[PDB]
Amino acid sequence: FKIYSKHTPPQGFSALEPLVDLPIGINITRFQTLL
Amino acid sequence: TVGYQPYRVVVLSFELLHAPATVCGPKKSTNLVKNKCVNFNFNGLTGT
């Protein structure tokens, strides 16, 4: 399971860097967010 | 105060292919060399 992130100070162009891969192996269908 | 007195026992079982490979031996790595043709297996890159 891989994540990519970036931070900037939505028009224009930018490029996303990775942070980490977790060798988890989970069947995934839902990504309930938190407020 | 041999065959009857207590002996501790630990049994190991490794799984495979259920989850990605995670637990295993160390990476026996050594020094590198400058300016000479070396056959180097570079953490998965096997070039010369």
# chains A, B, ... in the order shown; residues from 1 in each chain; ligands from 1

call {"tool": "closest_atom_pairs", "arguments": {"of": "chain A", "to": "chain B", "cutoff": "9 Å", "atoms": "only C-alpha atoms", "output": "Markdown table"}}
result
| residue | atom | partner | partner_atom | distance |
| --- | --- | --- | --- | --- |
| A:23 | CA | B:20 | CA | 5.9 |
| A:24 | CA | B:19 | CA | 7.1 |
| A:25 | CA | B:19 | CA | 5.9 |
| A:26 | CA | B:19 | CA | 8.9 |

call {"tool": "residues_around", "arguments": {"residues": "residue 15 in chain A", "least_positions_apart": "3", "cutoff": "12 Å", "atoms": "only C-alpha atoms", "output": "PDB file with C-alpha atoms, in the first residue's frame"}}
result
ATOM      1  CA  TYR A   4       2.304   9.940  -2.178  1.00  0.00           C
ATOM      2  CA  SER A   5       2.004  13.448  -0.767  1.00  0.00           C
ATOM      3  CA  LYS A   6       3.017  17.065  -1.249  1.00  0.00           C
ATOM      4  CA  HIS A   7       2.530  20.441   0.417  1.00  0.00           C
ATOM      5  CA  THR A   8       2.310  23.845  -1.232  1.00  0.00           C
ATOM      6  CA  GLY A  12      -1.164  25.197 -12.189  1.00  0.00           C
ATOM      7  CA  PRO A  18       6.085   9.445  -2.451  1.00  0.00           C
TER       8      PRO A  18
END

call {"tool": "select_by_dssp", "arguments": {"residues": "chain A", "states": "strand (DSSP E)", "output": "PDB file with C-alpha atoms, in the first residue's frame"}}
result
ATOM      1  CA  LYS A   2       1.735   3.130  -1.281  1.00  0.00           C
ATOM      2  CA  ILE A   3       1.206   6.777  -0.362  1.00  0.00           C
ATOM      3  CA  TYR A   4       2.304   9.940  -2.178  1.00  0.00           C
ATOM      4  CA  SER A   5       2.004  13.448  -0.767  1.00  0.00           C
ATOM      5  CA  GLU A  17       6.519  12.753  -4.263  1.00  0.00           C
ATOM      6  CA  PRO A  18       6.085   9.445  -2.451  1.00  0.00           C
ATOM      7  CA  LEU A  19       6.504   8.962   1.272  1.00  0.00           C
ATOM      8  CA  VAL A  20       6.190   5.263   2.078  1.00  0.00           C
ATOM      9  CA  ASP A  21       5.037   1.813   1.020  1.00  0.00           C
TER      10      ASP A  21
END

call {"tool": "atom_distance", "arguments": {"atom1": "CA of residue 22 in chain A", "atom2": "CA of residue 1 in chain A"}}
result
5.2 Å

call {"tool": "atom_distance", "arguments": {"atom1": "CA of residue 27 in chain B", "atom2": "CA of residue 48 in chain B"}}
result
19.9 Å

call {"tool": "residues_around", "arguments": {"residues": "residue 30 in chain B", "least_positions_apart": "4", "cutoff": "12 Å", "atoms": "only C-alpha atoms", "output": "PDB file with C-alpha atoms, in the first residue's frame"}}
result
ATOM      1  CA  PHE B  40      28.668  -5.277  -7.625  1.00  0.00           C
ATOM      2  CA  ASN B  41      25.214  -6.577  -6.693  1.00  0.00           C
ATOM      3  CA  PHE B  42      23.848  -3.237  -5.566  1.00  0.00           C
ATOM      4  CA  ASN B  43      20.875  -3.880  -3.208  1.00  0.00           C
TER       5      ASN B  43
END
